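Each remark here refers to the structure printed beneath this line.
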Amino acid sequence: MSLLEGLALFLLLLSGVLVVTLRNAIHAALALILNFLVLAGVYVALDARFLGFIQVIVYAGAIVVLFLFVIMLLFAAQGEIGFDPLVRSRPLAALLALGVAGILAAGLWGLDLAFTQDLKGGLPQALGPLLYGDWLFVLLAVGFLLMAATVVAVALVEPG
Amino acid sequence: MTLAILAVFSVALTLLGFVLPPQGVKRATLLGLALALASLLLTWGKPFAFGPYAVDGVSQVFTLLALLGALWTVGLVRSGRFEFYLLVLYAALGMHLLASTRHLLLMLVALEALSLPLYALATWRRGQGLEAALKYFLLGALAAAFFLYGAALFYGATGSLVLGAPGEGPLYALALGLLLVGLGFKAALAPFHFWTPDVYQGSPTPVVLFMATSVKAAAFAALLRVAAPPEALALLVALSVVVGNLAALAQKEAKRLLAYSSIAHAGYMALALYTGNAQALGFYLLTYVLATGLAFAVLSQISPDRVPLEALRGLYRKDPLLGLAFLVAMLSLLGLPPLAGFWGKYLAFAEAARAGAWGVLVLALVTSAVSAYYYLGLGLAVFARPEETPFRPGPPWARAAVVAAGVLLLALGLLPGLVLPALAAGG
Amino acid sequence: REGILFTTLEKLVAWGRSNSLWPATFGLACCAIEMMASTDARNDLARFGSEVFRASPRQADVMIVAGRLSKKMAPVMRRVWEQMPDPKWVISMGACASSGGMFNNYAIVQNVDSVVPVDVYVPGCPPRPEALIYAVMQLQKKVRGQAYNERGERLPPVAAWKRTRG
Amino acid sequence: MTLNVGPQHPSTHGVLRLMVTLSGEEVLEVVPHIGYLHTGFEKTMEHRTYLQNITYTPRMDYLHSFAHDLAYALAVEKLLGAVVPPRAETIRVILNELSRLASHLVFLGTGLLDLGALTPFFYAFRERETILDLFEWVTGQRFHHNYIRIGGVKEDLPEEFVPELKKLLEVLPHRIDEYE
Amino acid sequence: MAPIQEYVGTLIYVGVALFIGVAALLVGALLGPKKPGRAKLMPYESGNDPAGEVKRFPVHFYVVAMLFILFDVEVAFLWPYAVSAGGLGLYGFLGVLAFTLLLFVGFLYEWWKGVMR
Amino acid sequence: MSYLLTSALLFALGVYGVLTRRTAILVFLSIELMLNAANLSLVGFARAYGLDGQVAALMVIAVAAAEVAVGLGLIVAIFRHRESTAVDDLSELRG
Amino acid sequence: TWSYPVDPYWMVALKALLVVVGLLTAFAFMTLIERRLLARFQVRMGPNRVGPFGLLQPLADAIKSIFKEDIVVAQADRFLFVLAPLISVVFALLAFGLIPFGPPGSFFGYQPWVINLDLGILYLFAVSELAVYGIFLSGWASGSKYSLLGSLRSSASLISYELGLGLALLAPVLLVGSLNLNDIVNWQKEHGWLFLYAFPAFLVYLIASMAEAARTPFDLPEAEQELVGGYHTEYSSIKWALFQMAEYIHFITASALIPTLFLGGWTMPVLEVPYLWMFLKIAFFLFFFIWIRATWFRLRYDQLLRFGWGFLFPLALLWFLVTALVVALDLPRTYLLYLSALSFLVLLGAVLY
Ligand SMILES: C/C=C(\C)[C@H](O)[C@H](C)/C=C(C)/C=C/C/C(C)=C/Cc1[nH]c(OC)c(OC)c(=O)c1C
Ligand code: SF4
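What follows is the structure in structure tokens.
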């Protein structure tokens, strides 16, 4: 825990700082892949194992691969082009960036929770009956949503 | 089994459009929407629930409203792309689930399922339409992130993600606020309204109709489930109504002005959130949906891309009945006797006073008095001198739709004691 | 670091380079077909270590100048020589490359030694594939430092080590 | 993608530069650039003996060379009125079709290798070497043979030539039929 | 389930593999003539512009990858049914089959419209 | 508890991005970071309140993938012809 | 890992180093033996040269690889150009310890494998994605779009058939119900050779493993014979050695996994000897894939994507649905023997028309 907890949280935080700070898009994306790998490791540390592996397979393996595909097809790596900088928009937004933490920190400040439950590892063997079961209706809704997103994007590009 | 109609017809048409002609696709979409609407009518007072899917008066009424709006906006769209209809069906289902569950995560899934297809529906290729699509998409994804963090803090306050939780102190308030963020964003409440002017100006007018009716209907339906505190409600209402009407005065274009007006109208609607009457809000949103569908059908018949105020003038000489219906809609949306908008507004104000919020109600009413300036500068213009103006005076389809909308509005204005009885359990 | 500074070290690295020589194709003319025939299924340059053939120049150490080097081809080959990593050797295959051959004209470089340092010359028109094998055995003993010319001089391992490339 | 498929690259046989205009995986249109092999036969041949030019003729189409040799020979023969002996002309057509087969063998090896697998380059090419042995028996040369002459041929066929030829004409048809 | 010790052994596997790889990189880098040339650093193929002046590459790869993220989400949903099935009975089979059929209907759409594009 | 504070910090960082990033795709990446911070908070509260948040976060990832696909399609649609994805060149729609 | 024991950490590191160096020497000698097998195929014979039997030429090749001026291309990225090969090798070497070479303790006491994770197939899937990551990353960092499009082809094709890998691996889990490799192998020990039950998915796995760098998409791509591929064309000393090493490591990893999952992972009905049968099946699938290397043409990666997408993956998911029917209804297992036997006889008898 704490030995690896602090280090993993530092890796996560620095990766996020990079992905929101770095102007080299490729560098931000790979920092974010590091973010997700450390995040899946932390998931394992949280007895949630299945979700971390899907996180790595889906997000890293598939999604941000497509991010990289687009930004290599469409260069777009250095966003620092076409500025209209609006200097005052940099700090104020950044200021707002901090604020949205504090209230959340306030919502979590002075909070204690019961972190003692027999998860037995977040294996899908037990997640199935929840997914297929209490969540099965949600599952069908989500699958329909995915199909609708496919058709929306296709008709959105659809040169003819 | 309305969900049955929606899902089956949608999935079937998905493939069937390849072999079936777009005219047949239109007729089939019409039949699917009409069958879902008939099923909704026949299930009056017949709750049907499986999981998070929970059909009550809220789901029933508000999804009826969404189906009416969808039917109307489909009747008008004639583009030679079948896809431009299928997505609407999808959206319908999503908004249904938005009202038909308390489950925050399924609420998010339905919110996305309704927000996506409209984005593509706003792509008439119009340079402002595409700008609207991108702004709408980014802001909607941000609001969905906010709603997700709210559901996370909800699960922090309780072991389940279904609304109705007991609720802790600051954690429960923060989760409620984070949910309210996205919900009011989709409800055009300030300070989360900013997408609305750009989107309503840029999006194709019929899509603007469909959005401003169904999206807001389902959003308020789900809002009734929230435990919205009075203070946050006060701030949202104040900002929403102030910004809406005040910025509306300065608009010279119909669609954007109506967007700010819809901000004001949602601010008025938010009063039922004080009590969650779900009857007053049902009636209010019925009136607003009808009037909005009528007015936006007029706007669509004029020009989908953009309709300025001056072009609207003289419509009476162009079409007398259409101008009269638009004026009646402007009056009903002003909240004037003896029209149903006044009954909905009165019901909301009564729920607010029952909640004991006084200065907020006073400010809302003063701003409503402000609204009459532009509401009249548009409604009465129907009689002005005809300028050269795009005028395609529709088929009898849209004419009869407008007629029935206006008649329903005025009838429920004179006799609200007919449908208002059946917004609760449904006697 | 350049394969030097210990008697065992340079002999061993020269061993490695000598028997691991990988050819880089430079097809110009009919010398190229008999260059290919040094690989066919009667006679393969696939035993000495040259089975695989990296067409990329960033991946092969031996360059076989096979054919008449037309002058419009000079900078290309020029760059190809610089677009090879530094441990590179250049074999001059055929008459047209080594000398002007029967095509003694405005159109052909009369010796590829003009643009790139020639390591080995091998006449023939076309040189029998086995003659190319003998040229590469000569190059084998060259990069080992086991090669001598007619005057008694002990040739250096790598040509293109004596030039101020630019 | 105004791409520069350069001379000799990527392993494009017949050194040549191509400026391929292309978007994606189709091929819109290729602008060629040639001359990277210009040797200047048409000039150098004006400075070599008529006998000497038979050395220059094969080195141009180094796959099907004997057609070049025969075309030049025939032109000169017509020019000065020479007679090709029927045995000599028969041997000439033999050499012509034999170089034609060598050309087709290398052609199919290079083609099949160019896209697909590397194997089919070997087998047929083995036979090519075998064919060359035949030439090596008669002309003493792999290719670029200076054999033909205006009146006829350089010298006679060895006694050992016909058996190798009959051996190849018997074994080859089954090979070709199996590839087919 | 599995003990966490195997996962720390996995981390050690990765750490030793990474260290050995970085060592191999150092070996490759240190052993070299190290005489760069301005042309040596040139991209490729005769002077400039191996590809050089080219416009953006086709969207077909984007379509494949977007398809792939969605269908890997699909397989992520299908795996929990793959493990625990008999306890889920005909109800579980029916849910997973309807799910797969919806997403494959979307796929049939993209197919009958096709992406050679 | 460190996990939940970490989720809050990562969400704040993703907001910092969405406010800061000029390019649509970098904004989109910041949004991804926001959603995954939320999912981390969900996993923490699932460890606390009994594992439901795992299936919750799975559904979250699926929904995110759908909206990402559609948003990338739209981003391509607008800035295939157009110059840099920077939103500042999109200001025709004004009050 | 319900019942499988755990060695101390130092033994884990010892075996990790042994597996790294073993895969090293393995792909080196496999380059040798593939050259000789190709030669045996293409009449031409191999290097009875500098060996004697050839088994010392790769050391000369490695000594060539070093000293070969590891070059940092200017006008190309300083960092990622160097970085990508390390990714491609690190995330390839691992995921081979999982392949069980024997029952527990059959490593003379301690562990045949290295790690026996509960979610093994997911580990394989994840680490498979990162190879493509490194491939197309290096394709980009080279800054010569000549190789960029090749790396794009690589990623497109491998990702398509890697999607197919999921629908392929779905089917057996329903029967097994466990995601530990040794359980599935013991399953094929008792009930017998899972492919007999699940033949069709095996094909779309095999084709995937043949599409995933074995050969015949042959739009992998390699620089030769086409628009040159990614992951090469700019690296000189060790980085190209790393790319070739990782590609061949994936080659033998798939060539070992195919008998491991579907067919008889070592665990033979006869003599139950731990290592030799697994190594021999590795060699068998390796020789079949090399046969294919020599014996079949290209697929252009567009018709290849169409083929995998429209035909392979629907077949895999449909087979998953049928196996799910059988498992959820659970009545027979002989139905599966009959069904897969029919499927293979269909795919076989349909040829000689
Ligand atoms: C797996 C495959 C490999 C490792 C390699 O790619 C194979 C082994 C390499 C080969 C075959 C060599 C190629 C050299 C070449 C392309 C020369 C140019 C050329 N070629 C011709 O065709 C023969 C010509 O005749 C019309 C020419 O005139 C000219 C100038
Ligand atoms: S030396 Fe002879 S075989 Fe070689 S290129 Fe010149 S003419 Fe052709």
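Which chain is which? The protein sequence lines are J, N, 6, 4, A, K and H, in order. Heads up: the first sequence begins at 1 in the entry's author numbering, then just goes up one per residue. Heads up: the second sequence begins at 1 in the entry's author numbering, then just goes up one per residue. Heads up: the third sequence begins at 16 in the entry's author numbering, then just goes up one per residue. Heads up: the fourth sequence begins at 26 in the entry's author numbering, then just goes up one per residue. Heads up: the fifth sequence begins at 1 in the entry's author numbering, then just goes up one per residue. Heads up: the sixth sequence begins at 1 in the entry's author numbering, then just goes up one per residue. Heads up: the seventh sequence begins at 2 in the entry's author numbering, then just goes up one per residue. Where a beta carbon is used, it is the ideal one built from N, C-alpha and C, also for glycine.
{"Check": "Min CB distance residue 212 (chain H) to chain 4 below 7 Å", "Outcome": "no"}
{"Check": "Cβ contact (3+ pairs, closer than 8 Å) linking the stretch 147-161 of chain N and the stretch 74-88 of chain J", "Outcome": "no"}
{"Check": "Close-in-space but distant-in-sequence residues of the same chain around residue 113 (chain 4) (CB under 6 Å, 5 per side omitted)", "Outcome": "177 and 178"}
{"Check": "Minimum C-alpha distance to residue 77 (chain A) - residue among 50 (chain A), 87 (chain A) and 100 (chain A)", "Outcome": "100 (chain A)"}
{"Check": "Chain-ordered neighbours of residue 49 (chain 6) on chain 4, where CB pairs are closer than 7 Å", "Outcome": "167"}
{"Check": "Min CB distance residue 125 (chain J) to chain A below 7 Å", "Outcome": "yes"}
{"Check": "Continuous alpha helix (DSSP H) assignments of at least 4 residues falling wholly in the stretch 196-251 of chain H", "Outcome": "196-210"}
{"Check": "Span of the beta strand (DSSP E), counted from its first residue to its last, around residue 137 (chain 6)", "Outcome": "135-137"}
{"Check": "Three-pair Cβ contact test at 8 Å for the stretch 154-165 of chain 6 versus the stretch 31-38 of chain A", "Outcome": "no"}
{"Check": "Uninterrupted beta strand (DSSP E) stretches inside the stretch 52-106 of chain J (no shorter than 3 residues)", "Outcome": "none"}
{"Check": "Chain A contact residues for residue 74 (chain K), given Cβ-Cβ distances below 7 Å", "Outcome": "Ordered by position in chain A, no residue passes the 7 Å Cβ test against residue 74 (chain K), which lies about 12 Å from the chain."}
{"Check": "Of the residues 210 (chain H), 240 (chain H) and 103 (chain H), the one placed nearest residue 162 (chain H), counting alpha carbons only", "Outcome": "210 (chain H)"}
{"Check": "Check: residue 110 (chain 6) C-beta below 6 Å from any heavy atom of ligand 2", "Outcome": "yes"}
{"Check": "Distance between beta carbons of residue 11 (chain N) and residue 25 (chain A), contact taken as under 8 Å", "Outcome": "The Cβ separation is near 53 Å, so there is no contact."}
{"Check": "Complete runs of the beta strand (DSSP E) confined to the stretch 186-264 of chain N [at least 3 residues]", "Outcome": "none"}
{"Check": "Cβ shell of residue 254 (chain H) (< 6 Å), same chain only, five flanking positions each side left out", "Outcome": "97"}
{"Check": "Segment contact, 8 Å Cβ cut-off, at least three pairs: the stretch 130-143 of chain 4 with the stretch 286-298 of chain H", "Outcome": "yes"}
{"Check": "Identity of the residue in 1 (chain K), 22 (chain K), 6 (chain K) and 15 (chain K) nearest residue 87 (chain K) by Cα", "Outcome": "22 (chain K)"}
{"Check": "7 Å Cβ cutoff, residue 96 (chain H) in contact with chain J", "Outcome": "no"}
{"Check": "C-beta contact flag for residue 302 (chain N) and residue 206 (chain N) at 7 Å", "Outcome": "no"}
{"Check": "DSSP-derived helix/strand/coil call for residue 71 (chain H)", "Outcome": "coil"}
{"Check": "Heavy atom of ligand 1 within 6 Å of residue 135 (chain 4) beta-carbon", "Outcome": "yes"}
{"Check": "Residue 107 (chain 6) beta carbon less than 7 Å from that of residue 80 (chain 6)", "Outcome": "yes"}
{"Check": "Proximal residues of chain 4, C-beta to C-beta of residue 54 (chain A) below 7 Å", "Outcome": "26, 27 and 28"}
{"Check": "Beta-bridge pairing of residue 63 (chain 4) - partner residues as DSSP gives them", "Outcome": "Beta-bridge pairing links residue 63 (chain 4) to no other residue."}
{"Check": "4-residue-minimum alpha helix (DSSP H) runs that sit fully inside the stretch 14-52 of chain J, ordered along the chain", "Outcome": "25-45"}
{"Check": "According to DSSP, residues forming a beta bridge with residue 210 (chain 6)", "Outcome": "Residue 210 (chain 6) falls outside the range modelled here, since chain 6 spans only 16 to 181, and no answer is possible."}
{"Check": "Per DSSP, cross-strand counterpart(s) of residue 324 (chain H)", "Outcome": "Answer by DSSP bridge pairing: none, since residue 324 (chain H) is not bridged."}
{"Check": "Closer than 7 Å at the beta carbon, the chain A residues around residue 56 (chain K)", "Outcome": "Correct list: empty, because the minimum Cβ distance to chain A is about 14 Å."}
{"Check": "Proximity test, Cβ basis, 7 Å: residue 34 (chain 4) and chain A", "Outcome": "yes"}
{"Check": "Where residue 371 (chain N) falls, given that 16 or more other Cβ within 10 Å makes a residue buried", "Outcome": "buried"}
{"Check": "Separation of residue 72 (chain N) from residue 34 (chain N), as counted between CA atoms", "Outcome": "11 Å"}
{"Check": "Inter-residue spacing [alpha-carbon to alpha-carbon] between residue 390 (chain H) and residue 185 (chain H)", "Outcome": "Nothing in the structure corresponds to residue 390 (chain H), since chain H is present only between 2 and 354."}
{"Check": "Short-range partners of chain H found in the stretch 42-70 of chain J, where Cβ spacing is below 8 Å", "Outcome": "49, 50, 53, 54, 56, 57, 60, 61, 62, 65, 68 and 69"}
{"Check": "Length-filtered (4 minimum) alpha helix (DSSP H) runs lying within the stretch 76-106 of chain H", "Outcome": "81-94"}
{"Check": "Near ligand 1: residue 355 (chain H) beta-carbon under 6 Å from a heavy atom", "Outcome": "Since the displayed chain H opens at 2 and closes at 354, residue 355 (chain H) lies outside it and no answer follows."}
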